[PDB]
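Below you will find one chain, with nothing else, as C-alpha cells; this is the form deposited in one PDB entry, and questions on how it binds or moves follow later.
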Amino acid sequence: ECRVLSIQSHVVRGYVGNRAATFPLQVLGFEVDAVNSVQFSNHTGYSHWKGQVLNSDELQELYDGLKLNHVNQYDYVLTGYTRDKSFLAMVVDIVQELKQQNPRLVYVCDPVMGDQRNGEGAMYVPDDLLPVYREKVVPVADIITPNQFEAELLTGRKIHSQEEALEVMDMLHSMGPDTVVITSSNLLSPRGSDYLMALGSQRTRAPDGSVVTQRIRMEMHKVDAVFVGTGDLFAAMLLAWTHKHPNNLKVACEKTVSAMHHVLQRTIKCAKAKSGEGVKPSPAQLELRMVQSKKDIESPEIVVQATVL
C-alpha cells in the first residue's frame, strides 16, 4: 500500500495537472489522494476557459480536515503547476509536517515556472514564485522534474551543453533533491534534430556514507504537436517507477519515457484521425488519450534505452 498526496489542478475536460497524474498512478496500483488546487473547464491553451481557484487558506482547510481525522499519513507527496506563492508556501508547510508524521515520505516536485525556446523562456508563473521554489520548495524536494529553463532559473546558471547541464543538476542535488531529471532541454541530442533529450542523475547515499551519482540520458523521438500536461503525466509515472527502482534511475526513466511515447503516439493519431488534412488539430483534439493508454501505462514496452552517464 502506497498513498500519494497529489496537490495539482483539475479540469472538467482534458488531462492536465491532477487529471494527468491520477488515472496513471491509480492503474499503476497507487492510492491517490487528490487535492484539486483549481477547477477549470479545460487548460488555458484553449481559446476560452472558466473556473475557480483554491486559495492558500482553503488548501489548509482540507489539510486540517485530513489531520483532524488522523488520516494525514502519506508515503508520497506530488505537487505541480502552481501560480500562487502563498499557496506554494502552504504546500511546503504541509510537506514538512507530513515528513514528521513519519514515512520515508518522498516529495516529488515538478517546479513548474515556464518552458524553454532557445535563448530565453517565457515564464508561465509570476517571478515572485522563483525565490520560494528555490529557497523553500526544492530544499524539501526529493525528486524534482524541471525543464532546462527551470533547472537554470533554479540555480541562476544557464545551460549550454550536456557537461554544464550535469553541473546544474549537481548544483540541484546540493539544494536537497537526491534525484533530478531534466525532462526536456534545448541541447542537441546525439540522435538528431528529430529527438528530444532528457537528463537525470541520482546521488545515492550508500552504506558507510559513500557517494554514488549515477547519471543518464534519454532520447524520445519528438512528435508533430504541442501537447499540454506531458510534464504532469511524466512526473506521475516517474514517481511510480522510481518506487519500483529506488536506486536504478536508469530503468525508472526508461519505463517512464517509454510509456510517455506510447501515449503521445496514440494521441497524435486520434487527433489526426479526428482532423482533416491541411487543418492543424486543436488543443481539444490533442488532449492525451489517457483512458486508452491504460495497458501501456501499466506495462510500457521499452522502446528507449537510457544511456548511462
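The term rigid core refers to the most C-alpha atoms you can superpose between the two forms while keeping them within 1.5 Å. Only residues modelled in both forms are compared. Throughout, we count residues from 1 along the sequence that is shown.
The same protein also exists as the form solved in complex with a small molecule; that form is not shown, yet it is the one meant from here on.
For the candidate set 187, 175, 223, 132, a heavy atom within 4.5 Å of the small molecule in the entry with it bound is found for exactly one residue, namely 223.
For residue 155, no non-hydrogen atom is located within 4.5 Å of the small molecule in the entry with it bound, even though that partner is not displayed. Using a 4.5 angstroms limit between non-hydrogen atoms, residue 183 touches the small molecule in the entry with it bound.
Using a 4.5 angstroms threshold between heavy atoms, residue 214 stays clear of the small molecule in the entry with it bound. None of the heavy atoms of residue 140 is located within 4.5 Å of the small molecule in the entry with it bound.
Of the candidate stretches 87-95, 155-163, 229-237, 69-77, only 229-237 has residues with heavy atoms within 4.5 Å of the small molecule in the entry with it bound. Annotation: the position in 224, 120, 128, 163 displaced by at least 2 Å at CA between this form and the one not shown, with the core superposed, corresponds to 120.
In the entry with it bound, the CA atoms of residue 231 and residue 120 sit closer together than in the displayed form, by at least 3 angstroms. Whereas the shown form places them at one spacing, the Cα atoms of residue 117 and residue 215 lie at least 3 Å farther apart in the entry with it bound. Taking the core as reference, just one block of three or more adjacent residues between this form and the one not shown has all its Cα positions offset by 2 Å or more: 114-124.
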